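Below you'll find the structure, written out as structure tokens, and then a few comments.
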Amino acid sequence: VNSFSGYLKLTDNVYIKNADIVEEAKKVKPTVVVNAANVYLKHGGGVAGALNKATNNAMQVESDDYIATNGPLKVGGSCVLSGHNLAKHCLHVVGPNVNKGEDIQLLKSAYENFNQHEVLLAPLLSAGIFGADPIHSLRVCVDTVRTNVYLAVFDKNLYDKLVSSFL
Ligand SMILES: CC(C)(C)[C@@H]1CC[C@H](CO)N(c2ncnc3[nH]ccc23)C1
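See the structure below:
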């Protein structure tokens, strides 16, 4: 039993809700919140910009030190950093950005990072400003993640389409 509330159950391990991931994280304080990161951990917009803003830019400060030490992530890769005031940890995961021409096949590799964590609050990878089809992202999530994932979808219209079209 966990404290996630109001989710629709899609499969044994995947749950979905129309919610603002920032507000969800602040309420639940999950062990792991997933960020829709880029390889430079520049949290300018989309989910990343919103999460970082909620940390009063502390996420960005920590991220800049991480990059200065380690260099950029790989597309499809991840790193674990602090969750600041939102979660114990933030798993920064880089899905392919279609608006940069990146290979959508890397979306499965991106979701594989979730399997290193027993329970996660997450957005749909590569959705939103990353340019991929969110219906496809949900399919890859369900077919790749085996741990317990609670998906927050900001757009109510999109949430309804994701549910109604789910096979
Ligand atoms: C449109 C984007 C590529 C930016 C993605 C797409 C999937 C959903 C749709 O809104 N996104 C979010 N989900 C949950 N919480 C969120 N907080 C802020 C954004 C957001 C944004």
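Using full-length UniProt numbering, read the sequence shown as starting at 1025 and increasing by one per residue.
Virtual Cβ for every residue (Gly too), placed ideally from N, Cα, C.
Could you give the DSSP three-state label for residue i: helix, strand or coil?
i	result
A1151	coil
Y1031	coil
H1113	strand
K1041	strand
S1189	coil
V1025	coil
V1099	coil
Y1183	helix
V1046	helix
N1059	strand
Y1090	helix
Sorted by chain position, which residues of the same chain lie with C-beta nearer than 6 Å to residue i's C-beta, five sequence neighbours on each side aside?
i	result
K1132	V1164 and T1168
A1082	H1108
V1177	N1042 and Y1183
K1112	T1055
Out of the options, state which residue places its alpha-carbon closest to the alpha-carbon of residue i.
i	options	result
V1122	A1151, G1095 and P1096	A1151
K1050	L1110, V1166 and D1127	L1110
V1071	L1145, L1191, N1181 and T1171	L1145
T1035	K1112, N1181, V1166 and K1180	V1166
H1108	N1059, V1099 and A1043	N1059
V1052	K1098, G1155, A1078 and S1029	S1029
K1180	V1025, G1100, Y1039 and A1043	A1043
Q1129	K1041, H1113 and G1100	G1100
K1185	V1025, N1037 and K1041	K1041
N1037	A1092, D1127 and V1025	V1025
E1126	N1080, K1098 and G1073	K1098
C1103	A1078, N1080, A1074 and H1141	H1141
Assuming residue i and residue j form a contact by the criterion Cβ under 8 Å, report the distance between their Cβ atoms to the nearest whole angstrom.
i	j	result
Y1135	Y1031	Rounded, the Cβ-Cβ distance is 18 Å, inconsistent with contact.
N1137	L1115	7 Å
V1118	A1061	5 Å
residue 977	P1096	Limits of the chain in this structure are 1025 at one end and 1191 at the other, which puts residue 977 out of reach.
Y1039	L1065	About 27 Å separates the two Cβ atoms, so there is no contact after all.
Can you give me the Cβ contacts of residue i inside the same chain, cut-off strictly under 8 Å, excluding the 5 residues immediately before and after it?
i	result
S1189	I1159
residue 1017	This structure leaves residue 1017 out entirely; the chain is present only between 1025 and 1191.
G1069	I1153
Using a Cβ-Cβ cutoff of less than 7 Å, which residues in the same chain neighbour residue i once the five nearest sequence positions on both sides are dropped?
i	result
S1161	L1131, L1148, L1149, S1150 and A1151
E1086	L1105 and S1106
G1155	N1121, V1122 and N1123
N1094	none
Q1084	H1067 and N1076
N1139	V1169, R1170 and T1171
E1048	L1145 and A1176
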